[PDB]
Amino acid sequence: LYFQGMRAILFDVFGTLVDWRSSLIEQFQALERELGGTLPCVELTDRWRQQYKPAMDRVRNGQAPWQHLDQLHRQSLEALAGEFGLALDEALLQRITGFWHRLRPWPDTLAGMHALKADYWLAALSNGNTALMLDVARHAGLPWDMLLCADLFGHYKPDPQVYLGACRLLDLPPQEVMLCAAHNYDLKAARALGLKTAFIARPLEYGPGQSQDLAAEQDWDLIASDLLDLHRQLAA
C-alpha cells in the first residue's frame, strides 16, 4: 500500500539479485582441480564481464547484427582464451560459457522475492536471453511470474524499448511499474520513461575493489538495504 497503483516490480538480475562473480570464480576453481593445475579464475571472470561491451554497444548502435547474451558470452570467452593462451575444445567452451547459467543468490534474494510476490507481480528484466534466465531462475529458485529479457525486444538495456516493452507485455502504464536494481544507470533510464525506481546497493558485486554504484545517485523512490527491507518499506 506504499503507492497503491504500483502492481509489478521488474528486477535487474545480474548483481542485483545474484552474485555472478563469486559463482564464476568458484566454477573456474572446480575446473582447475579437474584439469592440470592452476587457472587464472579472478582475472578471467573480471575481464569477461567487461570484454563484450564494445560488442554489446556494437549491437546497440547497429554496427553489428543481433546476438543474444549467451552468444556474446561465447565470443568474448574465445577472444581471451586466446589472449590468455589456454586452448579449449568445443566441449569446454560450451561448459565455461554456461557458467553464467548457475549463479548464487544474495542471502536476501529468495526470501525477499517470496515476500514481495504476495503483493506484486515479479518479472526479470535482464540483458540475459530468455533461455539463460530460465537456467538462472531454476538454479537459484527465483520465483518469477514472468521473464522479460532483451531477446523478447531485440534491444539491450538501457535502450528504452526494453522498459517500454516490459510494460506493454504486463499491460501496465509505466507509472504502475517499479524497477528494482543495483545499478544507477538502469534506474536512470527507467525513471525517464515514467517508471518508479528502487535501488539496492550490492557493494560486493565486483569484489573488494568495487568503486561503482556504492550509493544512490538520484532520489530513487525507494532506497533499500536488501529485498526484505524493500518489502518492509513497501508494505508500510
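Note that residue numbering begins at 1 and tracks the sequence as displayed.
Asker: Comparing 76 to 84 with 100 to 108, where is the mean C-alpha B-factor higher?
Answerer: Between 100 to 108 and 76 to 84, it is 76 to 84 that shows the higher mean C-alpha B-factor.
Asker: For the C-alpha atoms alone, is the average B factor greater in 91 to 99 or in 156 to 164, going by the entry?
Answerer: Mean B over CA atoms: larger for 91 to 99.
Asker: Can you tell me which of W66, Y185, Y206, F199 has the maximum CA B-factor listed in the PDB entry?
Answerer: By C-alpha B-factor in the record, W66 ranks first.
Asker: Would you mind checking where the Cα B-factor of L193 ranks among the modelled residues of its chain, as the lowest, middle or highest third?
Answerer: Middle third, going by the recorded CA B-factors of the chain.
Asker: Splitting the chain's C-alpha B-factors into thirds, which one does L169 fall into?
Answerer: According to the entry, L169 has a C-alpha B-factor in the chain's lowest third.
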